[PDB]
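Form deposited in one PDB entry, single chain, as structure tokens, below.
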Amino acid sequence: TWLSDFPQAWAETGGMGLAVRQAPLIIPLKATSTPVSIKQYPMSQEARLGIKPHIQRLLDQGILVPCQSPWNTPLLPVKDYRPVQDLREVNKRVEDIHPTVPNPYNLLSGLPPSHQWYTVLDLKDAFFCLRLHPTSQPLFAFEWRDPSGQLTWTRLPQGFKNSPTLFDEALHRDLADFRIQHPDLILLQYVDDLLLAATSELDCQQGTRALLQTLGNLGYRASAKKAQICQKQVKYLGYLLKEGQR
């Protein structure tokens, strides 16, 4: 199977990712920023029990760690429960970066009619593959209690305004060589959503093999369940790609 041939590349069989070639990210603050500590709105037991197993998994994974920080932002008390951190006051204090992720419309414009064999992959827990420098970790702290202390992220967090752009730029750096090694393939990147396009089913199969091997080696993980491999018809970024249309 595509599964069995590339155990390392799939989130299902390769374990949590970690982009080993990428330096831990340092997040520069605006020139006048100082830490803000927003109190945690009391959370119901129902919400707390719902959130708890997720927090424990992240701690087990090393993705969350205990800390003491002058920064604090709230977790949503009503967030099936998944914890959602309100990072808006942190976002306001972080220096802006240029938005380099192309809009899907423009991204798709670089897909030639010559290449009508497609593979679509989405990377699982993409942001969590990027390490955060210890100096930047305290920025993202929140409170956690089991009826008290803070935890923070050791990886690029959800809800942080620059995560999509920083991830897209990091993956571009990591996939630069693949592009050079396969000049006859088309590779479109939209943060964690990838489209590989080839001239033939054969080229697409071989290209897809190489891309999975490369992604796996670099520490990224693709969803095997959602993968669309070597089809002439795929769903990518809300479009149906068919017969060179869309």
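Rigid core here is just the name for the largest C-alpha set that superposes within 1.5 Å across the two forms. Residue numbers here begin at 1 and follow the sequence given.
Note that the form deposited in another entry isn't included here; everything after this is about it.
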C-alpha displacement of 2 Å or more between the shown form and the other one on the rigid core, among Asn103, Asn91, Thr135, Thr165
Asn103
Between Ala176 and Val101, does the Cα distance in the other form come out closer or farther than in this form, changing by 3 Å or more?
closer
Do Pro104 and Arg179 move together or apart in the other form, judged by C-alpha distance changing 3 Å or more?
closer
